[PDB]
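Chemist: Attaching a single structure in structure tokens format; questions to follow.
Residue numbers (the authors' numbering), protein chains in the order written: chain L, 2 to 27, 31 to 210; chain H, 1 to 52, 52A, 53 to 72, 72A to 72C, 73 to 100, 100A to 100I, 101 to 127, 134 to 213; chain P, 596 to 606.
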């Protein structure tokens, strides 16, 4: 008994309507809200019955196998992950959730490149950092190249929560090499692709 | 006020065991089956266990294999979760949750989790406490500079800039667990290029678990 | 049959 929940992510403007789906392989459905760094909170059970205190803009529906959570007049406090829960199966299961983010105009990342400090090289490792600042939507990709040679499996990424101020995201890519591998190379560059870009941006150094 | 307050989280060596606690107030405790639910970093919710009203009957997820024990102390309005033979896969946030549902004899049925504790963070690593190393990310319109906070254990560190006097356009990233078993993140901030040689930028890194604070001046 | 709480039972 699985719960395919969709979409995985969902961008919505404030005042507008958010629509989350939940389908099972086989009305005992509950919906939960979890804001960043917060515990889950029950909103609806029996698919359509709101818990006391939950605002009227939250409504649930669902015929048999497909279930819907609807958020009208979207508020800022509504940005969270939403989980559907089937409680008539054994054991009970949850969907993997649906992220509800705010919608804004497309923004291109201001890309910066950061050479490893001389202070770090003394330790024996070299961290090259690429920064993608204040962009939208969240989807973006970053390629590392050293002497024009593509790198992979040696760079960790990390991205911020949606910005409270301007609804943008930021991303960091950290390329880690040994001191040996860093001193035997010259030109370092990260290449960024994104919707707000008409062509892949490159920042580099020697 | 109707609430569940948890405690007992922390960092643990593998192979051992831990007990988590949850204290209920504002409602009649013996009228509810209590449960534990956990959430692994990134993953979803996983129901672990439920315990009956009188604290005598408990049921577990099929994947528990006896490692988990839920228990309760009604005189203290408390539920507990013990977890033996800890491994890294046990690293997660653990929630205490109240269950509303049907019972059939001792079996809990048709249940929803209508009240939740604030959660307890559990980290299991063979790693030892280590303060962070802090390396500058030196800058070249507007400029960008930052701090690389590397090789610390455990989480968290907090980063502030200029003793917390600089907040505008600061972005501190989520920590990532390196293969070495240590954590690492960056904190960047974008400022006017003109104020580079007129304003000094120091990032401040606080690491409570090791009782340390590191300041790093950042210049081009 | 019995109840844990009341929501599920009384709906």
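For every residue, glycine included, the Cβ atom is placed at its ideal position computed from N, Cα and C.
Starting from the beta carbon of residue 606/P, find every residue of chain L whose beta carbon is closer than 9 Å, and list them in chain order.
Modeler: Taking the third chain and counting its residues from 1, the one referred to as residue 606/P is at position 11. Near residue 606/P (Cβ distances below 9 Å), the residues of chain L are 49, 50 and 53.
Chemist: Looking at the secondary structure, which residues open and close the alpha helix (DSSP H) in which residue 123/L lies?
Modeler: The residue labelled residue 123/L in the question sits at position 119 within the first chain. First-last of the alpha helix (DSSP H) with residue 123/L: 122 to 125.
Chemist: By the DSSP assignment, the alpha helix (DSSP H) with residue 170/L in it spans what residues?
Modeler: As a first step, residue 170/L must be located in the first chain, where it is residue number 166. First-last for residue 170/L: undefined, no H or E at that position.
Chemist: Does the Cβ-Cβ distance between residue 137/H and residue 165/H come in under 8 Å?
Modeler: Your numbering for residue 137/H matches position 144 in the second chain. Your numbering for residue 165/H matches position 172 in the second chain. No, the Cβ-Cβ distance between residue 137/H and residue 165/H is not below 8 Å.
Chemist: Give me the Cβ distance between residue 112/L and residue 197/L, rounded to the nearest whole Å; I'm assuming they're in contact under 8 Å.
Modeler: The residue given as residue 112/L occupies position 108 in the first chain. The residue given as residue 197/L occupies position 193 in the first chain. Contact doesn't hold; Cβ gap of about 11 Å is too wide.
Chemist: I need the DSSP call for residue 189/H, collapsed to helix, strand or coil.
Modeler: Position 196 of the second chain, counted from the first residue, corresponds to residue 189/H. Here residue 189/H sits in helix by DSSP.
Chemist: At 7 Å on the CB atoms, spell out the chain H contacts of residue 164/L, in chain order.
Modeler: As a position in the first chain, residue 164/L is number 160, starting the count at 1. What residue 164/L touches in chain H: 164 and 166.
Chemist: Name the DSSP beta bridge partners of residue 23/L, please?
Modeler: Locating residue 23/L in the first chain gives position 22, counting from the first residue. Its beta-bridge partners are 6/L and 71/L.
Chemist: If we define contact as Cβ-Cβ less than 8 Å, is residue 95/H a contact residue for chain P?
Modeler: Along the second chain, read from residue 1 onward, the residue named residue 95/H stands at position 99. So yes, residue 95/H belongs to the interface.
Chemist: Counting only beta-carbon atoms, is residue 101/H nearer than 8 Å to chain P?
Modeler: On the second chain, position 114 is the one that residue 101/H refers to. True, the Cβ-Cβ gap to chain P drops below 8 Å.
Chemist: Thinking C-alpha only, which one of 165/L, 32/L and 90/L is nearest residue 140/L?
Modeler: Stepping through the first chain from its first residue, residue 140/L is reached at position 136. The option with the nearest alpha carbon to residue 140/L is 165/L.
Chemist: Comparing C-alpha positions only, which one of 134/L, 137/L and 38/L sits nearest to residue 105/L?
Modeler: Taking the first residue of the first chain as position 1, residue 105/L is located at position 101. Considering only alpha carbons, the answer is 38/L.
Chemist: State the DSSP-derived secondary structure class of residue 180/L, mapped to helix, strand or coil.
Modeler: Counting from 1 along the first chain, the entry for residue 180/L is found at position 176. Residue 180/L: strand per DSSP, three-state reduction.
Chemist: Determine the contact status of residue 66/H and residue 85/H, defining contact as a CB-CB distance below 8 Å.
Modeler: In the second chain, residue 66/H corresponds to position 67, counting from 1. In the second chain, residue 85/H corresponds to position 89, counting from 1. No, Cβ-Cβ distance for residue 66/H and residue 85/H is not below 8 Å.
Chemist: Less than 8 Å separating the beta-carbons of residue 118/H and residue 145/H?
Modeler: Walking along the second chain from the start, residue 118/H turns up at place 131. Walking along the second chain from the start, residue 145/H turns up at place 152. It is a contact, given that the beta carbons lie within the stated cut-off.
Chemist: Would you list, in sequence order, the uninterrupted beta strand (DSSP E) runs of no fewer than 3 residues that lie entirely inside the region 55 to 120 of chain L?
Modeler: Runs of the beta strand (DSSP E) inside the region 55 to 120 of chain L: 62 to 67, 70 to 75, 85 to 90, 102 to 106 and 114 to 118.
Chemist: Taking 8 Å as the CB-CB cut-off, is residue 1/H touching chain L?
Modeler: Counted from its first residue, the second chain places residue 1/H at position 1. Not an interface residue.
Chemist: With 8 Å as the threshold, decide whether the Cβ of residue 105/H is near any Cβ in chain L.
Modeler: Residue mapping note: residue 105/H aligns to position 118 of the second chain, counting from 1. For residue 105/H, the answer is yes, since a Cβ of chain L falls inside 8 Å of its Cβ.
Chemist: Could you round the C-beta distance between residue 116/H and residue 202/H to whole angstroms and report it? I think they count as a contact, below 8 Å.
Modeler: Taking the first residue of the second chain as position 1, residue 116/H is located at position 129. Taking the first residue of the second chain as position 1, residue 202/H is located at position 209. That belief holds up - the Cβ atoms of residue 116/H and residue 202/H are roughly 6 Å apart, short of 8 Å.
Chemist: My understanding is that residue 69/H touches residue 49/H, with C-beta atoms under 8 Å, so please give their C-beta distance in whole angstroms.
Modeler: On the second chain, position 70 is the one that residue 69/H refers to. On the second chain, position 49 is the one that residue 49/H refers to. 4 Å between Cβ atoms; contact.
Chemist: Per DSSP, residue 96/H is paired with what?
Modeler: Numbered from its first residue, the second chain carries residue 96/H at position 100. Its beta-bridge partners are 100H/H.
Chemist: Is residue 52A/H helix, strand or coil by DSSP?
Modeler: On the second chain, residue 52A/H is found 53 positions in, with the first residue counted as 1. It is coil, neither helix nor strand.
Chemist: At which residues does the beta strand (DSSP E) containing residue 32/H begin and terminate?
Modeler: By 1-based counting over the second chain, the position of residue 32/H is 32. Here residue 32/H belongs to no beta strand (DSSP E), and DSSP marks it neither H nor E.
Chemist: Examine chain L for any beta-carbon lying closer than 8 Å to the beta-carbon of residue 202/H, and answer yes or no.
Modeler: The count along the second chain starts at 1 and reaches residue 202/H at position 209. Cβ-Cβ to chain L under 8 Å: no for residue 202/H.
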